[PDB]
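Next up: just one chain, as structure tokens, the form deposited in one PDB entry.
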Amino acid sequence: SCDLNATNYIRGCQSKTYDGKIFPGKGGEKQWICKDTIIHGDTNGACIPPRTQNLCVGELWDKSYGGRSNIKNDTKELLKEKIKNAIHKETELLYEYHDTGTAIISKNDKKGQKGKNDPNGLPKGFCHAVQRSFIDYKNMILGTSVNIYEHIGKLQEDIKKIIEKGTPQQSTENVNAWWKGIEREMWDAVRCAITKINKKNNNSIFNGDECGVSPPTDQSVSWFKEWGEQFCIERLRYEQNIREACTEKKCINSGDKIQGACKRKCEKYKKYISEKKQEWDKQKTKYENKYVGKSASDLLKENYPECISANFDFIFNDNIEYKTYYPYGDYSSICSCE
């Protein structure tokens, strides 16, 4: 029982580009943004996902002529409608972005090959992305996200004002109650969008509950989990590349040293790791001194099967001997000779 046969498109939300444009388009990818002097919830700093930077705000924001809030004078009913439409559209666009295999977390270990559909017939990663975006909306509404966009900061605050004057007085705790009151309707927008996939996909039948009957399930934890799933999936793609170029054991006499395509694939991973290291450190440190006795390694491994083979301590090891003895981190043995 949805408006499945009621086409809707909204300005301000175009096809996703956060992990790069959809083929034949190229580049235009966003990167994780880690800030020092920011508070995410209760603690210092955070790393903002590419996907979060691409979030569909739909009719909540007017981008025309330098941007402005499109909800200044709205009732809470009109605001709820606008949020719901944005959530619906987000879900549609995330489907495209994962079904086309453009999202990093939708990819296979091997180039050109489609990532394996999840176990209900939806694109790899799609449900994870939809869940994350939903958490992102929730935190934007609650005013409990990150304050990186002055314009969104104005949205968190504009929403707050609409709720205050539109509900009986007892605030931010009222915004919490209002969110709780509409949460099912908002998830139902996700569920409706999934139902609309039947119109375009024939891998199963979709009832709308595939990404969960109920919404998920701490934004900083959600973001870090996303970072980890992305990292682990990318790592395995680096591994496949290394194995495709290095394994065949061509080692030119200098013992012997690695050479050609093998040396290049191995160096790309070394570079990747050194770039991811600062992100890991920030997020690990934030997670582990907030969640005392919990390991960041465990967080990722319990959640994503791609992380099982990652030794995070080894990969991001800052010890002295690790640099010289393992020039390519955990992949130094495939990136060696004989």
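Residue positions are given as counts along the sequence shown, with the first one as 1. In this text, the rigid core denotes the largest set of C-alpha atoms whose superposition between the two forms falls within 1.5 Å.
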**Report entry** At least a third of other PDB entries omit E267
**Finding:** no
Query raised in the report: Do at least a third of the other compared PDB entries leave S64 without coordinates?
Result: yes
Report summary line: Deposited residues missing from the model between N202 and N203 number none
**Report entry** Where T247 meets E248 in the shown sequence, the number of deposited residues left unmodelled
**Finding:** 4 to 9
Query raised in the report: Looking at the entry, does 68 to 76 or 119 to 127 show the higher mean C-alpha B-factor?
Result: 68 to 76
Query raised in the report: Between 272 to 280 and 300 to 308, which has the higher average C-alpha B-factor in the PDB entry?
Result: 272 to 280
Query raised in the report: Out of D158, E90, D188, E229, which residue has the highest Cα temperature factor in the PDB record?
Result: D158
**Report entry** Residue of maximum C-alpha B factor among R235, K257, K180, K82, per deposited coordinates
**Finding:** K257
Query raised in the report: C262's Cα B-factor: lowest, middle or highest third of the chain?
Result: highest
Query raised in the report: Which third of the chain does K21 land in by C-alpha B-factor: lowest, middle or highest?
Result: middle
Report summary line: On the chain's distribution of Cα B-factors, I48 falls within the third called lowest
Query raised in the report: Lowest, middle or highest third: where is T324 by C-alpha B factor in its chain?
Result: highest
Requested in this report: Using the B-factor values recorded in the entry, state whether the Cα atom of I152 falls in the lowest, middle or highest third among the modelled residues of its chain.
Outcome: highest
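Note that the form deposited in another entry isn't included here; everything after this is about it.
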Query raised in the report: With the two forms aligned on the rigid core, which of the residues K282, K301, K276, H40 moves its CA by 2 Å or more between this form and the one not shown?
Result: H40
Query raised in the report: Hey, the CA atoms of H40 and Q156 end up closer or farther in that other deposited form than in the shown form, with the change being 3 Å or more?
Result: farther
Query - Closer or farther in that other deposited form: C-alpha pair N44, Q156 (3 angstroms or more) - result: closer
